[PDB]
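One structure is given here, and the rest of the page talks about it.
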Amino acid sequence: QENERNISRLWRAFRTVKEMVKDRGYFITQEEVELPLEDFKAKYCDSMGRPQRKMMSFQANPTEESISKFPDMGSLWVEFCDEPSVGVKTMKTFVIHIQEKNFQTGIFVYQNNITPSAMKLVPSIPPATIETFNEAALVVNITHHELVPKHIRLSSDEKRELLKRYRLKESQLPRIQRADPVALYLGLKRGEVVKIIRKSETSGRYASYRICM
Amino acid sequence: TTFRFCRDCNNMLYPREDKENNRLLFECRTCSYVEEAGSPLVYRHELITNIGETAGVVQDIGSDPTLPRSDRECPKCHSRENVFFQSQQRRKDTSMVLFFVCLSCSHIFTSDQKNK
Amino acid sequence: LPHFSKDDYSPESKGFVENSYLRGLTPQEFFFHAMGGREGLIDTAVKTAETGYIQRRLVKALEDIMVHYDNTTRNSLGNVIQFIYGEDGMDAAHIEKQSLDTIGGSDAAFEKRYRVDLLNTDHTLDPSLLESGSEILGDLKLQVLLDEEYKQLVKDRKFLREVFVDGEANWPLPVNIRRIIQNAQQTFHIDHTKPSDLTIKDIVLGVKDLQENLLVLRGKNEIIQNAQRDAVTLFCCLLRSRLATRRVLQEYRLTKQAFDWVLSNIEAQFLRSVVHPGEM
Amino acid sequence: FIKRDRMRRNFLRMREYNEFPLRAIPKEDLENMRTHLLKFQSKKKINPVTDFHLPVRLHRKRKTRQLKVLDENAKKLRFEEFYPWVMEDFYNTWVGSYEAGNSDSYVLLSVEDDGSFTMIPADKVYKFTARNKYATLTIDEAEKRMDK
Amino acid sequence: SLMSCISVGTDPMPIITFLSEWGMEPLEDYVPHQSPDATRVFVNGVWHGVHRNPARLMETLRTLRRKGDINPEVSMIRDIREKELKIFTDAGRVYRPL
Amino acid sequence: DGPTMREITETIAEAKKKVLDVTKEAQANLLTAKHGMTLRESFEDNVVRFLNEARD
Amino acid sequence: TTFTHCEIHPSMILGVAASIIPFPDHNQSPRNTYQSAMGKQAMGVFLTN
Amino acid sequence: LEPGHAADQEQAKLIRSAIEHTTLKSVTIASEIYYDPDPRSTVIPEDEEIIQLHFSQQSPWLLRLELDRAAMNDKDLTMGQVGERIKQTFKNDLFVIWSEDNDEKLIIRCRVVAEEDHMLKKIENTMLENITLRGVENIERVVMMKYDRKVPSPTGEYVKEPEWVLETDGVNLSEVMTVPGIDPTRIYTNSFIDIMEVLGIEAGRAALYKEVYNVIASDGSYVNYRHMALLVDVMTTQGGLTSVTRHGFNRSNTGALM
Amino acid sequence: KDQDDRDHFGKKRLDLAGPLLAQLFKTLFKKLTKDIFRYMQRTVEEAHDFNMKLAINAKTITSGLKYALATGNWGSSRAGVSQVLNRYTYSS
Ligand SMILES: [Zn+2]
Ligand SMILES: [Zn+2]
């Protein structure tokens, strides 16, 4: 039924999320990512049949190699919400729950939306930042689509390297926009540049760069 | 639909429920005149149409120049001269079936067979 | 038209034409045929004026996009549009459809056309095709080389099966190898039924060295060099696909003279086909 | 399969009862008198003003030079007679307007005391309508209300 | 075309005059509810009135044109379907002989 | 070839047959447009195909 | 049956320009349209005076 | 569709319904508003057995309307769920009684707990208008279509594998992609703008390519992959698609006199 | 009933020279009516002597048409109505 329709849609979204933070670099075992629906139910659906978003959220830590390339990358928390729309006080728990735990950044996953005011509460803890996502959008890993070539962040050092090899200012690169999903899928920032491996038919491989505006 | 008009005012007789008798009236919203509800219905929408598809039918219908011809009998008269045309509902999705008219007794009869 | 009754959908009424220009047209038909004949004309008139204008716009858009002397494609300002022109830095005029003979057919035939064996026997090279072949059989310094390259062509297949997902086995490419083979054949007279004077080591290395000299990009920086591997990535995959040892020996049967003159050529013509810089 | 013309060579070669008399009414009475035709829209079967109500009161209810537009006299006269005719009590009320469609070709056969008749031309007709019967009027009272 | 001319039109008075004397009841007196099947009679876009037997009426109009009494420029359409009779005496229409 | 003119006419014929046949099928109310297009529009594609293919 | 008129002659549905084309009923219509324009700048003898 | 359930007709039908917009009015026959004074016994004779067998305080303005069998079969449904929707749509306030699937007369009625008759008119509108019964918005005529998809045979060659494809008109890219039973990795949309906003610029650019190369391919001529691939890479350089117009690039800081 | 086709040729009319001159004439005649009235008004308003030739300016019409033929300008408000005739060859 519709709860049952929900659960998969949650199940999917969960799985998708694992991959998200699997790709900013964090340490998530392949099988973990890929628990079937059935385990998900026993692990996080309650006795009667409701799933507990409260005990299904979790913490992340970069693989050491992630750490290796970017000294800054810190632990990461992610949160869902049981409120089908998000109270400010509820997310007050979150940010300070971050603040206590002090994740370097942390990511919210509502199911519809938030009290507008709480998004005012969001850009509030620099450096530590917050990412917020429709559970619904996360149902399908857009990345997995055909027409999503790979992307990668760069070490500034790499990006640093690039221009000085092409003699460029950051400005006249091709760009993406922070608004664009793949940014949001990667959590991009002003000036974060992206090598885009593309399987291009007239050379098999073509790689490009955009700078998150 | 099928709604009366006032008398000595000749204005449209709106429904007025009687709560006492537990029933509906029909008044002249211009004057005093009112009247009871004779059919427990009030209104209807009736989205669908199979009405009017015989428009223009007159006992003067044959006199038209350009309806082409055929020979089928009157399903009543057995009279085998008649004239045809298509559904007057010149709507989009209407089917093709052909409306025929006896020229002995103007007996209407169409040409579809699925339902008469 | 009034010359008909109503509801008459008949082909000739609604505007069929069932004579042919030889035996003339009947007024109703003729009139009808005027209708469509005009409809073309109106369409022609507008479909030009839209086109002429449209085409004019794109001119102003891509108005000054140039190739500067790094094979990168940026407007006047400098905003890099394309890091390597056309994504592979070959000029247009020197392309031809050619065939990717590693992607069609079956593994069985794939092996059959490619798999060369010396220690074991299965696809045993016949030694007659070249001098050394007899003593080659069952050697080891070489057998590996086969295993090496033959691995690579398979690694080219998985590669290309992916790239084109529908097994299309023809594409535009720079210099046409096919003709280079033929010119060779018909300039040293491949006199068949003979052993050739090329070694397996002659084949593979000279090829390896060949690939290293299709310099699309001139830098020495791991950035520039990267694109180089990813510039010719395909055009190599073809080249190897063509010059699979067996093929060259078994079918094209080149000599030393043929083989070097060939490779020296594929280099030359390729260098021509490099997109020029400064071309708008 | 050709064009042939000289066939002018061919064509010129090939070539109880009851009488009831009448009388056009005397003219002087017409000259002094104006009469016209009543018409009602009551949809009442007869609506006899006898049974209508009493009383009955039917009635209508130096510088420089300049340019005057031009109109024929009857129009000015009839235009001038824009005051609608009104019969009253002091209770129901009746007013009408001119119709101008059927005042031309109209002579009446007065059934005189005799079986004979006289013929009388038609000057005017009117269409009195009942009004104010349920007496609701919101001249600007529903007007300003309307904009809701 | 070759064989086309243009109605240079005329007065419609004599026409109206005819129908007046010919059963075209005046409009004002039209009472539809009781006369359901009157054929409307138009002139030059002026719905003058209605009529009850158009069949004879029409043919009478024909001959009255073909007699040359009515001018030939007059074009008369009987929309048997729509119980509408239309008539036009306008200058500026385009017509051809059959 | 005067003969192959005959066959043209035959191919003309089958069409009209193939055209006339279809027509009654609609008027018999016994036509199905497959899912997506109306009765009449499907009637059109049914016809016009028959014409072009016959001409061809 | 119920014909009420017969065309005088159908070849009278052509303009001045058209009925100078021979066999305009064998050509491909735009040809005619092209022809229509063209005579109008064909030279000739416009008026005998 | 699902690659396992690819070329699988039933599955295709199973989804086939799932996405096609189904409004209420799309299928209902005729609506009659009425008067049944009694909240319990229905004025018309027939519905009573549907009252008790539901009935085994309320308003008398008994709204009636009818479904066709065929279209209720064409979009195979039952009128329980319909009302369950209808009830959940409003509330447990509007008492909806539906003739059963076993009934030849697919009739459903309701009543509420000035003149109520007019809200009903407002009320019955929305019902017909804005209550989808299933299938995503904006999407109608789930048109099947069979294709060949040159999969490699397990041998090494390709073969022209047949399969079922779901055409459609309308575009709600977001939702459809999320539909069970489909294959998201390979979803293609006629309009690319959605693709960009849903799948980011690089997909959109790539999708734009798809859309241009069609146009030439439809015609029949061939233009080098270079050229279109170049053009497509201008528009999307500013990040986010860009018209080629006055407002496209003259809104870029790219030389005045240009 | 269907949406009216606005292009059914019967709903057209052809303002040939006759009706067209009417337009041109009629309006231009007003320009006469006004002007005399104007001058007429003046002479009395200043008791001048009523002379006819001053009273009516003939050019008001003759100049109007001759111009409005000479160029298809038809007031402006319209053009393309008068051409030189095309005497290339008879059919033209
Ligand atoms: Zn009343
Ligand atoms: Zn009969």
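With r as the distance between the Cβ atoms of H:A217 and F:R49 and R0 = 25 Å, compute the FRET efficiency 1/(1 + (r/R0)^6) and round to 0.05. Don't jump to the answer; show the numbers that get you there.
On the way: r = 23 Å, r/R0 = 0.93.
About 0.60, to the nearest 0.05.
Which pairs break 23 Å Cα to Cα here: B:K116/H:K105; A:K43/H:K13; D:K68/I:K26; D:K148/H:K87; A:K22/A:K101; C:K158/H:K160? Mind dumping the intermediate values first?
Values: B:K116/H:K105 20 Å; A:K43/H:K13 34 Å; D:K68/I:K26 21 Å; D:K148/H:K87 34 Å; A:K22/A:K101 21 Å; C:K158/H:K160 20 Å.
From B:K116/H:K105; A:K43/H:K13; D:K68/I:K26; D:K148/H:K87; A:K22/A:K101; C:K158/H:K160, over 23 Å: A:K43/H:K13; D:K148/H:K87.
Please rank C:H192, B:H45, H:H54, fewest neighbouring Cβ atoms within 10 Å first, as an exposure proxy.
C:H192, H:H54, B:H45
Using the Cα atoms of chain F to build a convex hull, what is its mean projected area in square nanometres?
On the way: hull surface 15.6 nm².
Over every viewing direction, the Cα hull of chain F projects on average to 3.9 nm².
Over region H:36-105, one equal point on each Cα, no solvent: what is log10 I(q)/I(0) by the Debye formula at q = 0.20, 0.21 Å⁻¹?
For the requested q values the scattering log ratios are -0.96, -1.04.
Would you work out which of C:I224, C:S241, C:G133 lies farthest towards the positive end of the dipole of chain C? Charges go on Cβ: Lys and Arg +1, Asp and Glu -1.
C:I224
Using every alpha carbon pair in chain C, what percent of pairs falls into each 5 Å bin from 0 up to the bin containing the largest distance?
1, 5, 9, 11, 12, 11, 9, 7, 5, 5, 5, 6, 5, 4, 3, 2, 1, 0, 0
Which of the listed residues, C:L77, C:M66, C:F32, is farthest toward the dipole's positive end in region C:24-94, when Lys, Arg count +1 and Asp, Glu count -1 at the beta-carbon?
In region C:24-94, that residue is C:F32.
Given chain C, what percent of its DSSP beta bridges are antiparallel, to the nearest 5?
Numbers: 10 of 12 bridges.
Within chain C, antiparallel bridges account for around 85 percent of the total.
Between B:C105 and C:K6, take the C-beta separation as r, use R0 = 25 Å, and let me know the FRET efficiency to the nearest 0.05.
My answer for the efficiency is 0.55.
Normalised radius of gyration for region C:104-252, please: alpha carbon Rg relative to 2.2 N^0.38 Å, two decimal places. Present the calculation step by step, with values, prior to reporting the outcome.
On the way: Rg = 16.7 Å, N = 149, 2.2 N^0.38 = 14.7 Å.
The value comes to 1.13.
From the backbone phi of region B:60-67, what are the Karplus-calculated ³J(HN,Hα) couplings (6.51 cos²θ - 1.76 cosθ + 1.60, θ = phi - 60°) in whole Hz, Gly and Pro given as x?
9, 7, x, 4, 4, x, 10, 8
Could you work out which residue, out of B:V97, B:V83, B:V42, moves most in a Gaussian network model of chain B, that is, has the largest mean-square fluctuation with Cα springs under 10 Å?
B:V42
Which FRET efficiency value, to the nearest 0.05, do you get for C:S76 and C:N226 by plugging their Cβ-Cβ distance into 1/(1 + (r/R0)^6) with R0 = 25 Å? Don't jump to the answer; show the numbers that get you there.
On the way: r = 27 Å, r/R0 = 1.09.
The calculated FRET efficiency here is 0.40.
Give the range of the longest stretch in chain C that excludes all GluC sites (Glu not before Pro) found in loop regions by DSSP and having at most 16 other beta-carbon atoms within 10 Å. Don't skip to the end; give the middle numbers.
On the way: sites that count: C:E12, C:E18, C:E63, C:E131, C:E168, C:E212, C:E279.
In short, C:64-130.
Taking each pair of different alpha-carbon atoms in region C:1-116 once, compute 1/r for the pair, average those values, and report the inverse of that mean as the Kirkwood hydrodynamic radius in Å to one decimal. Please report the intermediate quantities before stating the final value.
Values: mean 1/r = 0.0463 Å⁻¹.
For region C:1-116, inverting the mean 1/r across all distinct Cα pairs yields 21.6 Å.
Longest exposed-loop-site-free stretch of chain E, with GluC sites (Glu not before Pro), DSSP loop and at most 14 other Cβ within 10 Å?
On the way: sites that count: E:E21, E:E28, E:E82.
Answer from the scan: E:29-81.
Per q in 0.29, 0.31 1/Å, what log10 I(q)/I(0) does a Debye calculation on the alpha-carbon atoms of region B:1-45 return?
-1.03, -1.11
Using just the alpha carbons, could you tell me how many Å³ per residue the convex hull of region C:163-237 encloses? Don't skip to the answer; put the middle values down first.
On the way: hull volume 11.6 nm³, N = 75.
Expressed per residue, the convex hull around the Cα atoms of region C:163-237 is 155 Å³.
Sequence gap at least 6, Cα distance under 8 Å: using those rules, report the relative contact order of region A:1-140 to the nearest whole percent. Mind showing how you got there, number by number?
On the way: 184 pairs, mean separation 33.0, N = 140.
Normalised by residue count, the contact order of region A:1-140 is 24 percent.
In the Gaussian network model of chain E, springs joining C-alpha atoms below 10 Å, which of E:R81, E:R62, E:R40 carries the largest mean-square fluctuation?
Taking springs between Cα atoms under 10 Å, the residue moving most is E:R81.
Just the number, please: Stokes-Einstein D of region D:37-148 in µm²/s, Kirkwood Rh from C-alpha pairs, 4 °C, 1.567 mPa s.
Once the numbers are plugged in, D ends up at 72 µm²/s.
Can you give me the pair-distance distribution of region E:9-90, C-alpha pairs, 10 Å bins, whole percents?
18, 56, 23, 3
Please give the average number of partner chain Cβ atoms lying within 10 Å of the Cβ of each residue in C:81-93, rounded to a whole number.
6
Out of all DSSP beta bridges in chain A, what portion is antiparallel? Express it as a percent rounded to 5.
Antiparallel bridges: around 45 percent, rounded to the nearest 5.
Which of I:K30/I:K66; E:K83/I:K1; D:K43/E:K83; A:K54/A:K189 have a Cα-Cα distance over 22 Å?
Details: I:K30/I:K66 17 Å; E:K83/I:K1 15 Å; D:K43/E:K83 28 Å; A:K54/A:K189 29 Å.
The answer is D:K43/E:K83; A:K54/A:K189.
I'd like the projected area of chain B, averaged over all directions, using the convex hull of its alpha carbons. Report it in nm² with one decimal. Spell out each step's value before the answer.
Working: hull surface 47.0 nm².
Approximately 11.7 nm², given one-decimal rounding.
Are there any chymotrypsin sites (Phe, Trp or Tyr not before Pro) in region E:28-90 that are in a DSSP loop and have at most 15 other Cβ atoms within 10 Å? List them by number.
Qualifying residues, ordered by number: E:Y30.
Could you state the principal axis extents of the C-alpha atoms in region A:1-60, from the largest down, to the nearest angstrom?
Reported extents, whole Å, longest axis first: 36, 18, 16.
Placing unit charges on C-beta atoms (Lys and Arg positive, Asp and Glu negative, everything else neutral), compute the dipole magnitude of chain H about its Cα centre in debye, rounded to 20. The partial results should precede the final answer.
Numbers: 27 positive and 42 negative charges, 258 e Å.
My answer is approximately 1240 debye.
Cross-link partners among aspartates and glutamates for A:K69, C-alpha distance below 13 Å, same-chain residues fewer than 8 apart left out?
Cross-link targets: A:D157, A:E158.
Can you compute the equivalent ellipsoid semi-axes for the protein assembly as shown, i.e. the square root of 5 times each eigenvalue of the Cα gyration tensor, sorted largest first and rounded to whole Å? Write down the numbers at each step before the final one.
Numbers: eigenvalues 1285, 494, 284 Å².
Each semi-axis is √(5λ); the values are 80, 50, 38 Å.
What size of dipole, in debye to the nearest 20, comes out for region B:1-45 about its Cα centre when the only charges are +1 on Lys and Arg C-beta atoms and -1 on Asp and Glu C-beta atoms?
Values: 7 positive and 7 negative charges, 36 e Å.
Around 180 debye, computed over region B:1-45.
Under the classification rounded if a/c is under 1.5, otherwise prolate if a/b is larger than b/c and oblate if not, where does chain A fall, given a ≥ b ≥ c as square roots of the Cα gyration tensor eigenvalues?
Values: a/c = 2.01, a/b = 1.52, b/c = 1.33.
In terms of gyration-tensor shape, prolate.
Given contacts defined as C-alpha pairs under 8 Å and at least six residues apart, what's the relative contact order of chain C, whole-number percent? Numbers along the way, then the final one.
Working: 277 pairs, mean separation 71.6, N = 280.
The value is 26 percent.
Using the Cα centre of the protein assembly as shown as the reference point, and only Cβ charges (+1 on K/R, -1 on D/E), how large is the resulting charge dipole? Debye, rounded to the nearest 20.
Dipole of the protein assembly as shown, to the nearest 20 debye: 5680 debye.
Quick one: which residues, 5+ away or cross-chain, put their amide H under 5 Å from the amide H of H:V151? H built at 1.01 Å from N.
Those lying under 5 Å, H to H, from H:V151 are H:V159, H:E161.
Output wanted: per-residue J couplings in Hz (rounded whole) for region A:48-60, from phi through Karplus 6.51 cos²θ - 1.76 cosθ + 1.60, θ = phi - 60°, x for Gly and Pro.
4, x, 7, x, 9, 4, 6, 9, 10, 5, 5, 10, 10
At a Cα cut-off below 16 Å, give the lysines reachable from D:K44, other chains included and same-chain residues fewer than 8 away excluded.
D:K127, D:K133
None of the figures in this text is laboratory data; all of them are computed from the coordinates on show. All Cβ positions, even for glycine, are placed from backbone atoms using ideal geometry, and neighbour counts span all protein chains on display.
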